[PDB]
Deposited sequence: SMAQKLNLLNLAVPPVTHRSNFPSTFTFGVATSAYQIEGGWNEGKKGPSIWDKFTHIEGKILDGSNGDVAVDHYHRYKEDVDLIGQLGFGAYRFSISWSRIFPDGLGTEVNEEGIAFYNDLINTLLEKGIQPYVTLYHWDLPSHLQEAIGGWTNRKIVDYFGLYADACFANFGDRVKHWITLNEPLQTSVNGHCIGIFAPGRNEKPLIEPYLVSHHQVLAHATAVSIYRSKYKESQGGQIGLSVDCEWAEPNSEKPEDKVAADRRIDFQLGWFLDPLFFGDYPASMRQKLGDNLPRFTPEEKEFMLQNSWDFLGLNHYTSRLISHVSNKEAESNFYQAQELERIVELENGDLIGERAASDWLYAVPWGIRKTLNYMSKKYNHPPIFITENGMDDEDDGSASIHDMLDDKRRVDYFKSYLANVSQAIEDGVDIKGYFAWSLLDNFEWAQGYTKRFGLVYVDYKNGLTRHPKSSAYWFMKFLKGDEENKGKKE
């Protein structure tokens, strides 16, 4: 039965892991994003982003909160960098706020106060021996671009992103050697423009706008890679990639249509963005089903993407589903159902605070092997993996700090990452989401993903959790 099959999958990779299970050169890091931690939303001449606008509308955010202050990393980054070093991480994945560099997004007048902030952050990281891994776009589009051209729905967004990428490479690439163009373009297209629960909150054209937005994100990524390779890589010597999320898709049965449905489920998540770059077009399963609503690339665009795919792939991975064929129109076009309950009543994994996040450790190994086989064994980083606790404002601080379930999550997934290396996946590193509790988008502060607790009641004090001390001991080996 499938219950037995999955039980054997978990037993084959016990939740035990040590630093020696990973290559000596493997990179361990923690990850954040600018809107979720920085605060200082109107300081240093920063322009407003679509998330500044979105969180200022009552009803968009579960707890009525916003990222105006967040965890005040904008003012406290030196102490946050110290903490990364003390926990023992060798790298730090963070994002640059586009509207700190070009407050209106138009790319013509660089904002020197924004450059100064990220230069000091980068220099502080390198003083402590921590490698910066920089996400250019982690969802905080300058609101002027949203208002003036329609944001990602307008092809011109590709050129504004190019100017932004170029400015970042020019100012920071002497010290930043790993670049991530976009974070989770799937979420921006679908949650941002189909159902509208993420900024810019659009749900008016769900059959059209999600596909325009993915089209332009793919072309924007290829443009940034092209800029980096042609202008900066020769002298700077770094690498550029993108971070895509994928919920693993395991067939719910041995029926052939369930395997086809699981393959389709991955096509609509990963292939939507990676197949244009690697094969020159969208997945055939998307073309067949979506018809004219999926834009077509010109021959010049196909040649451009094929020459500018990636140096590495960044995988954001949290969870898995069983998949059954079943004959959000994005979700309806996939003709399937996502399943967490086996027929004997048990779940494929324990749920975390987020309603979608089930802890299924064997799923990260399946995802890694799938990506390596499909895309010709590229270098892969896990750029996000982690889990959240629930805190509506009434949870005990001591319950939030004794985060045994998070420890178990990291032990069990890391054991599977180690095994995927043994399987032959060229995994170069792993980033825990997140260094510290922060603003979790439409959930507000109610979901705590940090290794480090942040006291929203008293001065945004940082308190490392049990999972932070586990990572400290793990990383010392």
**Ranges missing from the model, given as deposited sequence positions** = 328 to 332, 483 to 491
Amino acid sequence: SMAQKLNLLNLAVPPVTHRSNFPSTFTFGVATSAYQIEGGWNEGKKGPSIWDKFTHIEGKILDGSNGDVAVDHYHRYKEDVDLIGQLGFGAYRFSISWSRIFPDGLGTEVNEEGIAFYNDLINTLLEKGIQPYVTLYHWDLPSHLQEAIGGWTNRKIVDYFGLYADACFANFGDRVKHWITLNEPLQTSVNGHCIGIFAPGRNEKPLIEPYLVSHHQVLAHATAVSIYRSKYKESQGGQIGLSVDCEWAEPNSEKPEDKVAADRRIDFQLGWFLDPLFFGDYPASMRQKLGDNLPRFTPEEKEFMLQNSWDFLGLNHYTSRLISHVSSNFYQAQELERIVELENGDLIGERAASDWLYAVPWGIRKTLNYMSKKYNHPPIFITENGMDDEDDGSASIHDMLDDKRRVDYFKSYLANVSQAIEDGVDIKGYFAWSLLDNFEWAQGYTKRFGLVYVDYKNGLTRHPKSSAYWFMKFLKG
From here on, numbers count along this sequence of modelled residues.
**Prompt:** In the PDB record, does 362 to 370 or 248 to 256 carry the higher mean Cα temperature factor?
**Reply:** 248 to 256
**Message:** Can you tell me whether 160 to 168 has a higher mean C-alpha B factor than 231 to 239 in this record, or the other way round?
**Reply:** 231 to 239
**Residue, from 150, 103, 314, 132, that the PDB entry assigns the highest Cα B-factor** = 150
**Peak C-alpha temperature factor (PDB record), options 139, 94, 331, 273** = 331
**Item:** Modelled-residue ranking by C-alpha temperature factor, third containing residue 296
**Value:** highest
**Asked** Thinking about Cα B factors across the chain, which third does residue 10 belong to?
**Response** highest
**Request:** Could you say whether, by C-alpha temperature factor, residue 469 belongs to the lowest, middle or highest third of its chain?
**Result:** middle
**Request:** Please rank the C-alpha B-factors of the chain's modelled residues and tell me whether residue 419 sits in the lowest, middle or highest third.
**Result:** highest
**Message:** Lowest, middle or highest third: which one holds residue 180 when the chain's residues are ordered by CA B-factor from the entry?
**Reply:** lowest
